[PDB]
């Protein structure tokens, strides 16, 4: 019943399903494995069990050679996220290969194309488009690197990226943020007046709040954004919680339209909100009163989205598959998969932040 118990169950299930050579997308450096392994490494910190560290290291060593060389999608913010595992790996081994690989990813920021105000294109293939997911793919990594190599320019970078995303995607009415924004207004989903996509897609907003919750502590003491990001998180969380499902305690694929019969409760976004809420409470960014919302979500998640197979495998269902920016019908039609890596990583990370609150509840 304790959060870490489920975290270990899911982690072991995935590690048993895939060797590091099979972890999907097989033999590719990507954020799917990056987020799952960030969870596995967070679990290693919590449990002290070596197998978790070793597995993550094995994936890193499969892709990074003796000289720190790495093959990856050179135009994607998506390629940067996995770099997050390089910091704990380096801290533990002091093996420079990880620092060298980190530098290759950090050097990408100067090569990527940008919107007129400086916002990174999500990919070369998505010209002038900023997707909320990108804040998590490239924000946290930048701050970790800034602190490792004392490169303060990276603080200004993330501050700019976040300010631009918030400026263009935040909906004043609901407080939620639209999935994407196209400065060129060329994509079919771009609102002719605002340039924003039409829906509030759960996971994307989840990556945004996870990012704010994790990045505040990486800033220098007294930095202006310690207050800005805390306030932004508080408002986003308040907005998100207004849409929590009363019955299950979970959230819908399309956040504000839970009454539509073609909508459904999605697991990865729900877990990301759980993580941000738990993290926010633990660090003091959010009032402890959110604990009830958090525990309700936890109960519903386990009760409605998890189960153990007849073979002993721990399964987390209804995780939305990889998804792009689009329209309502597109979002609700997305395949609902079991144990997809981004969702598995979100689940594990959420359990590690929840554990503390779970154990001190009532005190």
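Positions refer to the first chain, counted from 1.
> Do the C-alpha atoms of 113-121 or of 192-200 have the higher average B factor in the entry?
Result of the comparison: 192-200.
> Using only C-alpha atoms and the B-factors in the entry, which stretch averages higher, 135-143 or 149-157?
Per the PDB entry, the higher value belongs to 149-157.
> For the listed residues 107, 81, 263, 267, which one has the largest C-alpha B-factor as given in the deposited model?
So the option with the highest C-alpha B-factor is 263.
> So if I compare the CA B-factors in the entry for 62, 56, 313, 321, which one is the largest?
By C-alpha B-factor in the record, 313 ranks first.
> Quick check on the deposited entry: does the C-alpha B-factor of residue 295 sit in the lowest, middle or highest third of its chain?
Within its chain, residue 295 is a highest-third residue by C-alpha B-factor, going by the deposited values.
> Would you mind checking where the Cα B-factor of residue 34 ranks among the modelled residues of its chain, as the lowest, middle or highest third?
For residue 34, whose C-alpha B-factor we compare with every modelled residue in the chain, the answer is the lowest third.
> Splitting the chain's C-alpha B-factors into thirds, which one does residue 346 fall into?
Lowest third - that is where residue 346 ends up once the chain's C-alpha B-factors are sorted.
> Against its chain's modelled residues, does residue 253's Cα B factor rank lowest, middle or highest third?
For residue 253, whose C-alpha B-factor we compare with every modelled residue in the chain, the answer is the middle third.
> By the record's CA B-factor, is residue 272 among the lowest, middle or highest third of residues in the chain?
Lowest third of the chain for residue 272's C-alpha B-factor.
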